[PDB]
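Data block below; observations after.
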Amino acid sequence: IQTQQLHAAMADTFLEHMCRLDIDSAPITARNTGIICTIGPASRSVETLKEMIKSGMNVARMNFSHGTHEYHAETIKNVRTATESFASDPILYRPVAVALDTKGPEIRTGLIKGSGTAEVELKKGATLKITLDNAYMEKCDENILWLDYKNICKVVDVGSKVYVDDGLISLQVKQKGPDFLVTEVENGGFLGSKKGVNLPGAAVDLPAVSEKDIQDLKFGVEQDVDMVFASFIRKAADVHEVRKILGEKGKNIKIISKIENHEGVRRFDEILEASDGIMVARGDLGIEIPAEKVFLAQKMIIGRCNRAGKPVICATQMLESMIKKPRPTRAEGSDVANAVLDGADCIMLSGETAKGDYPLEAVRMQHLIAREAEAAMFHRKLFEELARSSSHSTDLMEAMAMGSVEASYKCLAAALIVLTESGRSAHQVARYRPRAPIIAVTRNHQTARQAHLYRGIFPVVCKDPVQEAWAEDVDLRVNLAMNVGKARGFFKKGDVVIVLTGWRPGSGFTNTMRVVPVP
Amino acid sequence: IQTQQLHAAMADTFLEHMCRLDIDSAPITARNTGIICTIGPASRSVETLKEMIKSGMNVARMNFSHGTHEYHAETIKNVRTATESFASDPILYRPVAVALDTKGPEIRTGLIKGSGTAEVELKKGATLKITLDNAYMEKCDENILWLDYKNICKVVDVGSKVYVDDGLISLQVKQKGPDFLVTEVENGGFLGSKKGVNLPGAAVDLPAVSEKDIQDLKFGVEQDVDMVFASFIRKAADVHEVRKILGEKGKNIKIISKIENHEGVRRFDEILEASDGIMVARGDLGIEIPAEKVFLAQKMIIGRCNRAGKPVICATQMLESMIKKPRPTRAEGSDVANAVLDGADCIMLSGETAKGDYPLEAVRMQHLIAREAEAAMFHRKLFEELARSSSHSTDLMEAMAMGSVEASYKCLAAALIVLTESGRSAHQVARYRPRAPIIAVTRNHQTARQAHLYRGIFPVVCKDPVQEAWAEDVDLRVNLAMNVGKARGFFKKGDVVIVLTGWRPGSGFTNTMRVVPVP
Amino acid sequence: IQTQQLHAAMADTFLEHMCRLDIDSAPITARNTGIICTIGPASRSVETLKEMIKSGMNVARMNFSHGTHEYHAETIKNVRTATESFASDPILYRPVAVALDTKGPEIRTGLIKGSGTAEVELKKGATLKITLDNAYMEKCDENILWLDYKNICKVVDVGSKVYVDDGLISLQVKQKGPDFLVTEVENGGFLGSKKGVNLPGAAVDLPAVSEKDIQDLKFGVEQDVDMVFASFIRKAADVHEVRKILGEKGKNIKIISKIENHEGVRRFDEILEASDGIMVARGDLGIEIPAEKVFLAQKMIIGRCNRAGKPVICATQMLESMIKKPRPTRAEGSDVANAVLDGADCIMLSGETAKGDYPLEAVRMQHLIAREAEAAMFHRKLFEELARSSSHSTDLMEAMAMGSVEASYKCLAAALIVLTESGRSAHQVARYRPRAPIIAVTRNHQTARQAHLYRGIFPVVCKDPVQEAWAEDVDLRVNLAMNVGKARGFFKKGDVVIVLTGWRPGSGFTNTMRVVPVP
Ligand SMILES: Nc1ncnc2c1ncn2[C@@H]1O[C@H](COP(=O)(O)OP(=O)(O)OP(=O)(O)O)[C@@H](O)[C@H]1O
Ligand SMILES: Nc1ncnc2c1ncn2[C@@H]1O[C@H](COP(=O)(O)OP(=O)(O)OP(=O)(O)O)[C@@H](O)[C@H]1O
Ligand SMILES: O=C([O-])C(=O)[O-]
Ligand SMILES: O=C([O-])C(=O)[O-]
Ligand SMILES: O=C([O-])C(=O)[O-]
Ligand SMILES: [K+]
Ligand SMILES: [K+]
Ligand SMILES: [K+]
Ligand SMILES: [Mg+2]
Ligand SMILES: [Mg+2]
Ligand SMILES: [Mg+2]
Ligand SMILES: [Mg+2]
Ligand SMILES: [Mg+2]
C-alpha cells in the first residue's frame, strides 16, 4: 500500500485518479496548506496561543470589525509573546504571521423607537419606507427605516432588493426618490436597531476605506503587521487606495483583497492584478450573491489566482459546526478538502477559534484534512496545466522553479530547500505546486512570516550572522534546513532533497539547483 | 514571425501543431540528429573526407560485407587523418566516430569481373545461372552468378524467387542442379559485386557468428572502433555473443543491433534490452518483409528506443536518388523529415556516400532536413509522453535531466552544457529531448565520438590538463563549451544556457544545474 | 489474433501508439484513401485502363500541360470505356472520376524533336541555348531549347539558374541576349518534352487564367470532367477567376487548387477558403521552395484542410522509382504511408502511370500501403482533435456525423452506409474520420465519382427507379450497400453496421442513424 496517494498519482485521467483514492494510503507529516486563525476571547491568551501554535496555527488574524487598538494591540502582544516562547529552539522555532482584517465600508440602519434594544416586526407583503432624512435617524419603526448610506438611491434600482440583518430580512424596492426608497417586505421578521444592510448587485460608491479604516491601517503599520485583509474590495482603484494609506512605510505589507460581492466578482481580474493576494470572503459573498453560486465564484477565484501565482485564501464557515462541537459535519470535512483540492493556498477559521468552545480542535481538524487532501491532488496534471498557463513567460526564476518541481517529482524528493531573502524564489516554486514541502531559509523574519501565505512554504529563520565565505554561508543555511526537516520528521538521513541557491552573493535568484542527500 | 517553429510549439493539439508549421519559421544553426556515412570508393579519399566532416558527417561506417580488412583499415586511416586535420583549433575540431558494419548470417554474391566496383546490366527475361563454382567466385557477370551459400540449393525449389541487392533483382528459379541453378531475370537492372541475397521465407541456417564475424570483430578491436553495427541480429542471444567476442578489450564498444528480418522485429524487445542501440535496417528488411510494412516496424522500433532511452538509427534509401542526382525526390525529403520526427537519434547514408556521384551534397541535404524537422518536433507533448513512460524510474540522474530539459524549455535556453566523462549524464539529458543543443564537454575521446549516437549531443574534447581546483577545472571546461557554442554560432553573449556539472569531483553524475548567461 | 492495429488504437499517448504498431496486425480489406492516376502515353489503352481500375484507381488526371485537346479527349473516352465495361454487374461496378489538370501561370519548354514522348540526355558541363525562336519550338534537343516565356530574358540575370523539369536539371545563365539564353548544363539528365521551368525567385508576371487556360477550362466543361486541378494558384482571386470561367454550366465542378510556390503557401488560408479542395503539388513546390521545407508545407496544408473539412491531395514523386523499378524505395514507402497518417484524403501518381514501365505495380503499391497506414492512424486522438476544431460549429448534420462515427468506433461497426444525393452527409461523415468504410449510396453519378475526393467514401450508384414508398426506397438502397459490401468483402452476416438516412424525403440531410446487423 503506497503512501500519499502515489497510486492515484499515477493515473492517466481525472476519473482514474478519483477511482484510485485510498483511505489506507497514508499521507506525509508535512502539511502544506496555511491555516489562518481568527484570534478572540477563546484564543487570546498566551497559553492558548501556545496551543494554537502547537496545533498548527500559521497566521493570527485580527478582525478589526470590533475591538479597540488597545485590545488588538494586546492580542498582537500575546501572539508575539506566544510565538517567541519556542525561539529558544531555533530548530523548533516556527514563525507566525500577523494579519489585520479591516472593518471596511458599511451600511447601518438607525435606532428603533430611539432605543438600541427595541424591536419591531416586519411582516411579509407590507410596505416599508427607507428615508435618508436624519430626522428619523432614531425614529425607525415598522413603517420607516433610516440608514447610514447617503447615496443609496443613486446605486439601487427599482426592483432591486435591500437586505437587512445579514440577509435575514429581504426588501424589494418599488419606488425611488432622492431621499427615500419605498419597499415591500418579502422576507419578514423582527427588526432591531443598527442592523447591517446589503445591496445585492449594487455598484456602491462608498469609499474604498472608511475613516476608521485609515486609522486601523496606520495602526497596523505602527504595529508592523505582515498583511492586511482588505474588506469589500470592488475594483482596482480600491486596492490602490489601500496601498496609498499603507504608503512607503508599509510598502512591504501584503495586501490581500477580500472578494465579497458581485462587483468584486465581476471586476476580479483588475482587482487581482492590483493585489498581492486574495481572500474569498464567503460570508458576505454568500449574503450578497445567491448562496448557490458561491462555489462557482470560489473555484473561479482560486483557479485564477493559481494561474497568476498569487496567494489565495478560502474562508468562512469551513468548520462552523465546530463552534459548539468537538467534531465537524460531513459537509464541513468536505468543504475543507475541496478547498485544498481547488488550489487554495490557505484556509481560514473565524468563529471557530475566535469564540467557539473548541478552538484547538478546529485547528487540528483543519490540519488533518489538509494533509489528506494535499496527497490527493492530481499533481502531474496540475503541473502540466499550470505550465501551459504560464507558457507566455520565459522568466528565469520560473524556469528554475519548473525544473526543480519536475525533479522533485521525478525522484520523489522529500523536500525542497530554497534560500531566499525576499521570498521571491520560494514563491516561484510554490506556484508550481510540488508535493514535497518547500523549506525556505531566510534571514528576513518578515519574509519568513509572510511565506505562510504560500502553499507548501515552510519558513525557517536563520538567526546567525554572515560568514566570510558565501559558499560556506550557503552550506550552513542549507544544513539548517536539514536539521529542521529532520527535527520535523519530513525526512531522514538518506532521503533525497532538491536544493536551490544563488550561485553567488549578488545572484538575484536561486539559479543553482541540486539533488542532494540528507546527512 | 517566430523562429524555430515556436508558434507551432505552443499548440494544444497535434492537429494544431501541424497547422501552425511555418515555412518562414527559421531553424537554429545546431543540427541535433547525428549523420552516419558509409565510406567507400566515392568517399574514401582524405580530401573528400575533410569535406565530409565539414559538411556534417559524425560517423564513418565501414561495411564489412564489402572490401577487405585491408581496404577498411586504409579507409579508417584517411578517416582519422582527415578528422585529425582539424585538431589544431580545438574550437572548430570535431570528433568523428568509426563504425564497423558486420557481415552476419547473410548470403553474398561474388565479384563482377574481379572488381569490387564492377557492375553489369541484367535484362528482363534473360537467363542466369547461379553456381557455387569458386572458379567463378571473382568471375561474376551477366551470365554467371556465384554465391556464397552452399546449401542454397536444397533451400530453394524451382519456381521460387531469388532476390539480389535488397530486392533490386528478382530471379525466378528455373532449373535445379546440385551445384547450381538456372534462373531467369524477372526484372532488369545493374549488378554489383558482393550483393546480398534474400530468400524471404526460405530456411537458411546461418550461425549468428561467422568465423569471419569473429575475424571482423577482432579486427574492429584491432582498429579501436567505436561501435559495432551487428547485421541481422535475431535474438538477445545473438547480442551476448558479439559482446562475448568483443570481450574485455572492447567492453567499451557499443553494440548496435541491426533489425533487418521478421525474427528481429518479433524478438525486438529482448534484443533491445541487450543492445546499446538499434538500427532500423530497411534495405534488407524491406525485402525480408512486405514493403508496405516497413514503416510500422520503423515507427514501432523508434518509439521503443526512445521509450527505452537508447539510440536508434534510421537507415537506407533515405536519399537514394542522389546516388546519381544533385537534388533528391520529394519522397526522400519526406523520408528524412519524418524519421526525425519519428524520433531517430541518427539517420544514415549508404550508397549515397559510398559510391554515388553526389556524396557531399547528400550529407548536406540530410543536414538541412534534419534542422528543419528538429524544429517541427512537438516537444511539449513529446516530453510529457516520455516522462510518462519513464515514470516507474526514480533515478537521480533522470530527475536532473528532466529538471534540466524542463528549465531549458521554460527560458528558451540556448544550449545545455554537460560535463561528463562516461557521457552518461549527457545521454540522460538527450533522452528527454531538449529543443536546444547539448554541448557535451569531455576529456575522453571515445565518450566523445560515442556521443554522436545520441540526438542533440555536441561533443567537445577537452585536451587541457586537469586543474588542481575542482571549481576552476569545472569553469575551465565550461568556458570551452562557452567558446564552442560561440564559435559554432550557437549562442552569443547575453544568451542563456543551462549548465550541468558535478558538485564535487567524483560526483557520480551531474548533480548540479545552473542557469547562466553567456559571457 | 491481431488486426487493424486495434491494440495501438488503445494507447494512451502518441508515443505508446507508435510503440504498438504491429507488422503482424493485419489490415481490413477496404482501402480508404483515394488513388489518383495521371493518365498518359503509358496508360491511355482501354486494356490498361481496365487493369488500373481493377488495380485500385479511383480518378484519372489529364494533364493539360501536356498533349492537345484531342489526345486528352480520346484518353477520357478510353477511360470511360474501360469503366462502363464493368457496368454489367452494379455490385462490382466502380465509378472513376475524371480530373482536369490545368496549365496555369507556367513556363513550358517545347517538343523534343517534334515528339513529346521523346527524351534527350544532357551531360554535365555541356552548353545549351535557350531560345524563343518558334522555329525550334518543336525542335528541341541537346543543343537547342525552346521556351513558353518571351520575357524570360528580362526576368533572369547572368550567373542565374534555370530549372528544368521540377529541378531535375539545373542551368546556369552564362550569357543572355534579347532573344535567347546561353547556359551551361550543371548536372546531367534526361531532358524531355513540354517540361517545366522554374525561375526560382524571379518576377514572372503570368496571368492567373490564360486564354489557353480559358480554352482548356471550357473544354473540360464540355468533356464533363468532375473536377479541376487548378495549377499554380497564388491567391483566392485566382480561384474566383477559375470559378468565373467555369461559369454556370460547371457550378458543380470541383475546383481543386494546387499549392506549388511560395505565395500559394503564404496565402493558403483564403485560397483554401475559396477552393473546394487542395493539392500539394510537391514537384513544382519542391523547386519553388527549398527542398528541405516541403514537409512543413505538406503537414501545415493537410492539417488545415482536415480542420476545414475539405479534401486534400498529396501529390508527386511518391513512387518515383517505379517508373523504372517494380519495387519502390524505402523512402517511397514511408512517404505514402506518412502522407496517409498526415491525413490526405487522396494520393497521386504522376510519371509512374503516365509514362513509367510499371503503371499497374505502382497503383497496387499505393493500394497496399494506404490500407496499412489507414490502420495505423491514431483514431481516438484524431477524432477528439477534430472535434476540438469543429467546436464552434453546431451544425445538425455535423452532430449526426460525429455521433455516428463515435458509435462506429464503440461497436467496431464494419461500415457506415450513407444514403445521399448531394453527397454532403457523406462528406460530413468522411471528415470525422471513422476507421470503417463509408458506403455512400446515391443516384447521382457525379456525386459518386466526386466521392473519391473524400477519405473513406465508397460510392455506390443506385440505378433503380424511385420507389413510391420512401421506406421501401430507402430499404432498397440500404440493401444495395449491403450487397455490395458483402460482394467487396467488407462484411459478412451478423456484422454490424451504422446506417445514415433521412426521416423523410428531402430531409436536407441524414437525420436518422441506426445500428444494424448484416443480413
Ligand atoms: N567498402 C566498400 N567497397 C566497395 N563498395 C562499397 C563499399 N561500401 C559500400 N559499397 C557499395 O555500396 C553499396 C551500398 O553500401 P551498403 O553499406 O549499404 O552495402 P549493402 O550491400 O547495400 O549492404 P548492407 O545491407 O549491409 O547495408 C554496396 O552494395 C556496394 O556496392
Ligand atoms: N499527356 C501526356 N502525354 C505524354 N507524356 C505525358 C503526358 N502527361 C504526363 N506525361 C509525362 O509524364 C511526366 C510526368 O507527368 P506529370 O503529369 O506529373 O507532368 P509534369 O511535367 O511533372 O508537370 P506537373 O507539374 O503538372 O505535374 C510529364 O513531364 C510527361 O513527360
Ligand atoms: O469578511 C469576511 O471574512 C466575510 O464576509 O466572509
Ligand atoms: O543492412 C542495412 O543497413 C540494410 O539492410 O539496410
Ligand atoms: O502539378 C504537380 O503535381 C506538381 O507540380 O507537383
Ligand atoms: K473585518
Ligand atoms: K553488412
Ligand atoms: K499541369
Ligand atoms: Mg465581510
Ligand atoms: Mg546497404
Ligand atoms: Mg542489410
Ligand atoms: Mg505542377
Ligand atoms: Mg508532375
Side-chain angles (χ1 to χ4, degrees), chain B residues 38 40 61-67 72 99-109 165-166 194-198 210 212-213 216-217 220 228-233 256-258 260-261 279 281 283-285 315-316 329-331 333-334 348 350-351 354, chain C residues 36-38 40 61-66 99-108 163 165-168 194-198 228-234 256-261 264-265 278-289 291 294 297-298 301 312-318 320 346-354:
Chain B
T38 287
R61 172 201 181 231
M62 275 79 235
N63 193 343
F64 286 59
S65 293
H66 289 79
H72 296 301
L100 190 162
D101 198 302
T102 240
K103 234 170 154 146
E106 46 178 7
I107 284 162
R108 295 287 183 166
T109 251
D165 227 348
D166 295 346
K194 276 189 125 181
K195 302 333 215 130
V197 182
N198 307 269
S210 282
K212 278 133 161 272
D213 294 341
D216 307 346
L217 288 185
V228 178
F229 305 181
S231 291
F232 293 107
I233 285 297
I256 282 29
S257 284
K258 310 181 37 193
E260 11 187 10
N261 59 13
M279 183 181 133
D284 264 309
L285 193 32
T316 303
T329 67
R330 313 302 175 251
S334 155
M348 212 167 69
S350 288
Chain C
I36 317 196
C37 300
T38 315
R61 174 183 174 229
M62 277 63 215
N63 195 350
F64 284 55
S65 280
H66 304 272
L100 189 138
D101 197 308
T102 252
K103 300 172 185 174
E106 93 186 315
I107 287 169
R108 272 215 129 89
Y163 291 99
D165 214 3
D166 299 354
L168 169 60
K194 278 254 237 239
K195 286 342 222 271
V197 189
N198 296 258
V228 168
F229 303 166
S231 333
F232 289 88
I233 288 285
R234 276 146 314 168
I256 307 302
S257 298
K258 344 162 43 178
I259 314 293
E260 37 188 350
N261 59 232
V265 173
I278 290 257
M279 166 190 329
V280 198
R282 314 120 90 225
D284 287 305
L285 195 65
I287 224 282
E288 281 290 287
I289 79 173
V294 183
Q298 181 185 331
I301 292 169
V312 49
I313 312 171
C314 190
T316 315
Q317 288 173 214
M318 321 203 61
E320 209 55 8
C346 288
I347 48 195
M348 206 164 73
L349 293 162
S350 287
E352 307 107 323
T353 61

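Chain letters run A, B, ... following the sequence lines, proteins first and then strands; every chain starts at 1. Whatever order the structure lists them in is the order used to number ligands and atoms, beginning at 1.
- Of all atoms in ligand 5, listed by their number and element, those nearer than 4.0 Å to a heavy atom of C/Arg282 are 6 (O).
- A distance of 4.5 Å separates OG in C/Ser350 from CZ in C/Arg61, rounded to the nearest 0.5 Å.
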*Please walk me through it: do C/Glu106 and C/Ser65 pass side chain to side chain donor-acceptor pair (under 3.5 Å)?*
CA-CA 9 Å; C/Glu106 93 186 315; C/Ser65 280; 2.6 Å; yes
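- For atom 2 (C) of ligand 5, the closest heavy atom belonging to the protein is C/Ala281 CB, 3.5 Å.
- Distance from atom 6 (O) of ligand 5 to its nearest protein heavy atom, with residue and atom name: C/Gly283 N, 2.7 Å.
- Looking only at its N/O/S atoms, B/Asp101 has OD1 as the one nearest to the K ion (ligand 7).
- Minimum interatomic distance between C/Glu352 and C/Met318 (heavy atoms only, all atoms of both residues): OE2-N, 3.6 Å.
- The K ion (ligand 7) lies at the vertex of an angle of 150° between the OD1 atom of B/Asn63 and the OG atom of B/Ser231 (rounded to 10°).
- Of the N and O atoms on the side chains of B/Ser231 and B/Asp101, at least one donor lies less than 3.5 Å from an acceptor on the other residue.
- Considering all non-hydrogen atoms of both residues, C/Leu285 and C/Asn261 come closest at CD1-N, 3.1 Å.
- When C/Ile313, C/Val312, C/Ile259 are each tested for a side-chain contact (heavy atoms from CB on, under 4.5 Å) with C/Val280, only one passes: C/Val312.
- Rounding to the nearest 0.5 Å places CZ of C/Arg282 at 11.5 Å from CG of C/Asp166.
- Counting only distance, with no hydrogens or angles, the side chain of C/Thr38 and the backbone of C/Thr353 share no donor-acceptor pair below 3.5 Å.
- Against a heavy-atom cut-off of under 4.0 Å, C/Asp284 is close to the following atoms of ligand 5: 4 (C), 5 (O), 6 (O).
- Considering just the N/O/S atoms of C/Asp284, the one nearest the Mg ion (ligand 12) carries the name OD2.
- For ligand 5, the atoms lying closer than 4.0 Å to a non-hydrogen atom of C/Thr316 are 2 (C), 3 (O), 4 (C), 6 (O).
- At a cut-off of 2.8 Å, C/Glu106 does not coordinate the Mg ion (ligand 12) through any N, O or S atom.
- For the Mg ion (ligand 12), the nearest N, O or S atom contributed by C/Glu260 is named OE1.
- Taking backbone and side chain together, C/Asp101 holds no N, O or S atom under 2.8 Å from the Mg ion (ligand 12).
- Put simply, the side chain of B/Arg330 never gets that close to the backbone of C/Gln317: no donor and acceptor are under 3.5 Å apart.
- The K ion (ligand 7) does not have B/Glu106 among its coordinating residues (no N/O/S atom, backbone or side chain, under 3.4 Å).
- With values rounded to the nearest 0.5 angstrom, C/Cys314 atom SG is found 8.0 Å from C/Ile347 atom CD1.
- Without hydrogens or angle criteria, B/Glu260 side chain to B/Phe232 main chain gives a donor-acceptor distance under 3.5 Å.
- Those atoms of ligand 5 that come under 4.0 Å of a heavy atom in C/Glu260, given as number and element, are 1 (O), 2 (C), 4 (C), 5 (O).
- Distances from ligand 5 to the non-hydrogen atoms of C/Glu288 include no value under 4.0 Å.
- Rounded to 10 degrees, the O-metal-OG angle spanning B/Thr102 and B/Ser65 at the K ion (ligand 7) equals 90°.
- For ligand 5 and C/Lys258, the ligand atoms under 4.0 Å from any heavy atom of the residue are 1 (O), 2 (C).
- Heavy atoms of C/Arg61 found under 4.0 angstrom from ligand 5 belong exclusively to the side chain.
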